[PDB]
Protein chains: 4
Amino acid sequence: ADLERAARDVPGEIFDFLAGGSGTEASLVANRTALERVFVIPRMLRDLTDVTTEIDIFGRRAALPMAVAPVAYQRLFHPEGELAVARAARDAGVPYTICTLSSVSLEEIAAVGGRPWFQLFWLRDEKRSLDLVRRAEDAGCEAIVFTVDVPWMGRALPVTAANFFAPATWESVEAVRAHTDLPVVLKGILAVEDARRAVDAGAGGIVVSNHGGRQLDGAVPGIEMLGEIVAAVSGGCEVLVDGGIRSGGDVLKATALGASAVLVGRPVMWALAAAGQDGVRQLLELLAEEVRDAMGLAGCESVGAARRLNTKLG
Amino acid sequence: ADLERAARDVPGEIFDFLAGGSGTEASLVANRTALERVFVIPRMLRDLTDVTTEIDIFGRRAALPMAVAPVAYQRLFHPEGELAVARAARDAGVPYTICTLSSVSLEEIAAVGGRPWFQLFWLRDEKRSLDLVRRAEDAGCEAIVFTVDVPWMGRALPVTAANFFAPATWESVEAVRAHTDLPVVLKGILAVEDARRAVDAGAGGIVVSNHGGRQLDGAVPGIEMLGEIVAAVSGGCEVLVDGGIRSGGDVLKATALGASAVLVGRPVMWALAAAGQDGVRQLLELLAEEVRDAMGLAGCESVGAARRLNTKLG
Amino acid sequence: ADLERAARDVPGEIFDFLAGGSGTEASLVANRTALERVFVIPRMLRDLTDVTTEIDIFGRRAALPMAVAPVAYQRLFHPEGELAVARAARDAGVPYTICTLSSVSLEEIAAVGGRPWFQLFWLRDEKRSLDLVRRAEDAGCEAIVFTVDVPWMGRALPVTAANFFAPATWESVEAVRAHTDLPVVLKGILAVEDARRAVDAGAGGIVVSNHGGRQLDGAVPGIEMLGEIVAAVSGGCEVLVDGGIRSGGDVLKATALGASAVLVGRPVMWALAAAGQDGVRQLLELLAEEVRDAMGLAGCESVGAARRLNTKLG
Amino acid sequence: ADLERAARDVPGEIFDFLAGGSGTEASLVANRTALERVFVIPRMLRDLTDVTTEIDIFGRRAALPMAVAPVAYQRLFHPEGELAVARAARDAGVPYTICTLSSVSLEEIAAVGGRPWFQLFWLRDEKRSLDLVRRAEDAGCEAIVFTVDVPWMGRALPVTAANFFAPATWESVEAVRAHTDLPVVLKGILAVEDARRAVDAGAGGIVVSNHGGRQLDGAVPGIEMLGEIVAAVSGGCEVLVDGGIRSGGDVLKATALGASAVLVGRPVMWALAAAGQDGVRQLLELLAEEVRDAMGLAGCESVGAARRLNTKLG
Ligand SMILES: Cc1cc2c(cc1C)N(C[C@H](O)[C@H](O)[C@H](O)COP(=O)(O)O)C1=NC(=O)NC(=O)[C@]1(O)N2
Ligand SMILES: Cc1cc2c(cc1C)N(C[C@H](O)[C@H](O)[C@H](O)COP(=O)(O)O)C1=NC(=O)NC(=O)[C@]1(O)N2
Ligand SMILES: Cc1cc2c(cc1C)N(C[C@H](O)[C@H](O)[C@H](O)COP(=O)(O)O)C1=NC(=O)NC(=O)[C@]1(O)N2
Ligand SMILES: Cc1cc2c(cc1C)N(C[C@H](O)[C@H](O)[C@H](O)COP(=O)(O)O)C1=NC(=O)NC(=O)[C@]1(O)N2
């Protein structure tokens, strides 16, 4: 919140790179308006002796129903870059998604420890992409976050792409899935039948996402498709969502709509630009407290109870 | 209306304590927007020889379908504090809810006479809470208003808590109910099944309320849940509502949606900060006239007829 | 449109008397917002050899699906007062509603000729009211417009009430109906069952109206209830509507929703305050042209065809 | 976008002639608001080896699902006028609609080559209108775009009407259809049954259009009727739409709602006023790129796939 004010002050067009959406930015604003019209129906008088925000996802415990979204070139925002964010994420018990275009090599990020995920962009040489998957799995990464909604970038630098493009198809997905034992997570699913097909294709999860409004301008917000997608998947895979998550109440709204967890992107970068690793740990601490507070006020002792909350659209 | 202008002038951060909501204050604004989109379908040409705003509630007559909402530390707004409000409420024939955190002891408020209700916050020692219930019942209070939507405060001083916390559960509710012959009223019910369970638990009433938008930010407004809750309860208990009631037309809207009565909080404090007891009696007089006018223009000779009015959402 | 700018310039609080609504004026604004969200589905390629805006209503032809709404004390706006408006209305072929509180006697207005209607306010002496009905019928008035939505005025002067109050009930309606052979028209009907009962009570018409937002604040706009009321009445009586009619497209919208005709109030007064009788005739000429244009663009050769147009809400 | 800024700078009331709508311009704004509330549900992971924006329409290939809308007197915006626009349209592979009120004769426009369509206004002498149809067909025009929504203009100059009015009926449509072998396209269809009748009358296409909000003020936007009309026609004719198409995402939205193609009017004139033929070719190049980008991000290799995209209203 006030964090973005600090990120704006400290350069200036790097900000617009971080904050911007594609085209008219109609999908960027719509992510927020979609969240703002969701209302939670809280439950009262339930035992809260042991409110816990922990979830199990991909066989591993997380402190919050949240992971750091893949954002490229994190040294654009702070000299420590991805190493700072990955350290704070590890300390907070939340997974950190290593970006294919990270300004620090993925093996260095994975060495920080914690719960590193690796976001894969499909390269036009198939075996370069599959090599990236092997490096991630060798480095102890716990999941392959296959970004599918970027056949090309939706309509500067510096400093480096320390890990070193084509449209990804369902064949690319099967190639990754055959090449790894890690859960494959498809990021950028918006159509209900794409979610069903993702389960059929063997994905361990999907991220319901319009890329923070950065790919197709006019794409439906992920939060607007979340409940339909959760019903269609019927527990067949983890369903994450991102786009405009700015508070613990937003996390609660997402989980009440059925999400397993959320990704948080831009705010984590604001906390990185302002106060580096300590600033990220600060944001994660604030988010952890807000999630815990929102869940208790809503009568939910666990994230699973929060998923059973009803909502109303306003 | 103009009263809040007088309350703002007379200190300054005490105002923000009285007016504010939690988080983004989305539920605070939504209480008002929910009321503003309700439209009443008035009835014409009915006999109005004896329009009466009186209701029976908890075996006792009230002059209006309204009671003063529990607001803590009323000496923050005027030296007479709760004694002034309780006196004006008594003179107006409307019940007054004594707050657990009242800046004047509950026995003194009850001595003013009238129709005192007592709002209970659950204390972590059960028998301290049950003692508070006994003191209220011994003091002639007519109802226990069990505030349920505060397991803890949703995200200064002075002057005193003259009557001297843990999450309240359904077990706490049964303990109160077993300890008193007074009707137990659960304040902060928003879920339809919580309303049904409240009747099953033996409550004499519920207040459909998101705490004036002060607990869970993003909680659905009570007025948005009122009609569903009234149908589900099917006369099993009294159903009150609060949040943003600012006029007699708002009272009419609430009763047309099925409420037995409304609570009024912040406006009564504005009338207390500006002109003390006389100012509260002024507000209650104005509200009484507006309710009577709204009911007549709507073709309702009684509050019960007003409950049978249809509405349309705009 | 620009006419109201001229009315504002020429005194000043008389303006607010003419333009204002009751309470928060939520029903005044809602009359306009309701009209603005109605969209007409025009028909194409129909023969328009003889587009006519004429209707038959109460056995008499009118040049437009429109009559001048009853507005009291028309000398507040111009020295000629009601005589000016009645003359222009006569020349335009539209009925003129004589108000019970007219600043010129009803017999003088009726002498102007044309199609005078008489709006009745119920007086607390029944036989005074029935005398007013007899005077109107003796004076050649063609309809009794019984204003029902004023049991009392919803929450100055000079100059006179040249024709010289209690709540009107269904008994008052039957007394009028038994006392006259003129069609009785109930003005201020908003509830579907009040419309049905109006037909059962022998009314020749109803005006679906929230009194221009001047009676119950928060009353549903008449245009929002019009289509439901038209279906329920099933041709049993004429169904008029008023409130916010500001153009020929608005007249078309009203007729497409099923109205037999509209009443126009405030704009006719603006035309009276600015340029007197010639100004009213100007407004009626402009409205007549806009209605004719709107009907042709919508593919309607007659008002009856316009009533069969479909609409969509936006 | 920025093009309109250049068109505004370069005279001034000619701008208002180009940009304006009829009446309150409620239908002009509604064309845009209707498009802005449509959201596309993109598909992921489909093969995009050969994304093509080409369509077949009236037996001829077009480079884009788009044609230049008929706009009169194009020398009002640039000395080259229609010849400039027709040349750029030809070079871009998009059809160009010759206007009946063109400031350059239709035979000269058709000589530019490409895919000229001819927009017919019905003249009150039938055989003058049918002569215009014969001239267009003799000149190599590929379709008669019969403008039906102008029985008269909905509520200056210079320079000329180089080709040299009555309401057009279904009889006029049959006269044209009997007089030409070219496909007849009815422009200005908004009612579902008018679309069905258009197919029954032998039309080869319709343009779902409220004339850019320039005819009936308060007419429903064409985009709001598009999906219903497409279902009712059931492939019986081509269904085009116009009004507020300002980007490739808008083209995608229109095709996802079922349109065969869009017409683009005002933006093409802005590109003509600013930089003449080169400016139009620039706009068509930008639109071609945006359409291609939007289609790929939406997972559509062809316009036909784009027509099978689902949408959600926001
Ligand atoms: C600057 C930047 C860079 C990237 C992304 C977003 C921003 C703002 N994103 C989107 C991010 O992963 C979340 O989807 C979004 O930030 C959630 O919305 P939020 O910021 O409101 O919390 C990326 N996603 C990928 O998959 N791959 C990438 O390279 C990536 O393009 N780089
Ligand atoms: C300053 C203050 C203090 C309290 C409350 C509200 C305000 C503004 N409230 C909410 C109040 O009871 C109504 O729910 C609300 O005011 C209706 O909305 P309104 O102000 O638009 O009429 C309380 N409720 C409890 O149960 N216990 C309390 O200690 C209490 O927290 N103190
Ligand atoms: C100043 C004034 C006076 C009256 C009314 C309205 C205004 C503004 N009206 C309302 C009017 O008849 C139309 O219902 C309304 O003007 C339509 O809305 P509009 O102005 O947007 O066209 C009356 N109605 C009655 O029945 N008896 C009356 O004495 C009356 O109170 N005097
Ligand atoms: C200045 C002008 C002139 C015409 C039209 C529109 C404008 C703005 N139009 C409307 C145009 O064909 C599209 O329907 C509209 O421009 C789409 O909306 P858009 O501008 O947002 O893309 C015409 N249509 C006809 O059929 N015959 C004509 O003589 C025509 O009246 N001349």
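Letters A, B, ... mirror the listed sequences (proteins, then strands); counts begin at 1. Whatever order the structure lists them in is the order used to number ligands and atoms, beginning at 1.
The option from B:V71, B:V207, B:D149, B:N210 that lies nearest to atom 3 (C) of ligand 2, judged by heavy atoms, is B:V71. One option in C:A69, C:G265, C:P70, C:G154 has a heavy atom closer to atom 4 (C) of ligand 3 than any other, and that option is C:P70. Compare B:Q119, B:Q74, B:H211 by their heavy atoms: the one nearest to atom 30 (C) of ligand 2 is in B:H211.
Of all heavy-atom pairs between B:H211 and B:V150, the closest is CE1-CG2, 3.3 Å.
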| request: Show your reasoning for whether side chain to side chain contact (heavy atoms under 4.5 Å, CB included) applies to C:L283 and C:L272. | output: CA-CA 9 Å; C:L283 171 63; C:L272 175 67; over 6 Å; no
| A:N210 vs A:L216, side chain to side chain contact (heavy atoms under 4.5 Å, CB included): CA-CA, chis, key distance, verdict | CA-CA 7 Å; A:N210 62 8; A:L216 177 60; over 6 Å; no
| said: Show, in sequence, the C-alpha distance, side-chain angles and deciding distance for A:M269 and A:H78, and conclude whether the side chain to side chain contact (heavy atoms under 4.5 Å, CB included) test is met. | reply: CA-CA 9 Å; A:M269 300 307 110; A:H78 184 285; over 6 Å; no
| query | Should C:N163 and C:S102 be marked as a side chain to side chain donor-acceptor pair (under 3.5 Å) after you check the CA-CA gap, both sets of side-chain angles, and the distance that decides it? | reply | CA-CA 7 Å; C:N163 298 320; C:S102 55; 2.9 Å; yes
| message | As a quick check of understanding, evaluate side chain to side chain donor-acceptor pair (under 3.5 Å) for A:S103 and A:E82, giving each step before the final call. | response | CA-CA 7 Å; A:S103 47; A:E82 291 90 8; 2.8 Å; yes
| query | So B:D250 and B:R32, salt bridge (charged side-chain N to carboxylate O under 4.0 Å, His left out) or not? Walk me through it. | reply | CA-CA 10 Å; B:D250 290 349; B:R32 281 298 320 171; 2.8 Å; yes
| request: Carefully, step by step, assess C:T147 and C:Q119 under the rule side chain to side chain donor-acceptor pair (under 3.5 Å). | output: CA-CA 7 Å; C:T147 291; C:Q119 173 263 322; 3.3 Å; yes
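Atoms of ligand 1 lying under 4.0 Å from at least one heavy atom of A:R246, given by number and element, are 19 (P), 20 (O), 21 (O), 22 (O). Taking every non-hydrogen atom of B:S209 and a distance limit under 4.0 Å, the qualifying atoms of ligand 2 come out as 14 (O). The distance from ligand 2 to the heavy atoms of B:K187 drops below 4.0 Å at these ligand atoms: 10 (C), 11 (C), 12 (O), 13 (C), 14 (O), 24 (N), 25 (C), 26 (O). Within ligand 2, the atoms closer than 4.0 Å to a non-hydrogen atom of B:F17 are 1 (C), numbered from 1 in the order shown. Counting atoms of ligand 2 from 1 in the listed order, those under 4.0 Å from a heavy atom of B:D242 are 13 (C), 14 (O), 17 (C). Of all atoms in ligand 2, numbered sequentially from 1 with element shown, those under 4.0 Å from a heavy atom of B:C99 are 29 (O).
Among all protein heavy atoms, the one lying closest to atom 26 (O) of ligand 2 is B:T147 OG1, 2.8 Å. Given atom 2 (C) of ligand 2, the protein heavy atom at minimum distance is B:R214 CZ, 3.6 Å.
Residue contacts with ligand 2 for B:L18 involve both N, CA, C or O and side-chain atoms from C-beta outward (heavy atoms, distance under 4.0 Å). Both the backbone and the side chain of B:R266 come within 4.0 Å of ligand 2, counting heavy atoms alone. Heavy atoms of A:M269 found under 4.0 angstrom from ligand 1: none, in either backbone or side chain.
The side-chain heavy atoms of A:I98 and A:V145, taken from C-beta on, include no pair separated by under 4.5 Å.
Polar contact with ligand 1: present for A:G244 (N/O pair, distance under 3.5 Å).
Note: C:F17 and C:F77 have parallel aromatic rings, judged against thresholds of 30 and 60 degrees for the angle between ring planes.
Within the structure, ligand 3 lacks C:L101 among the residues with a heavy atom less than 4.0 angstrom away. Ligand 2 lies within reach of B:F121, whose nearest heavy atom is under 4.0 Å from it.
Comment: C:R266 does not engage C:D242 in a salt bridge, judged by the lack of any side-chain N to carboxylate O separation of less than 4.0 angstrom.
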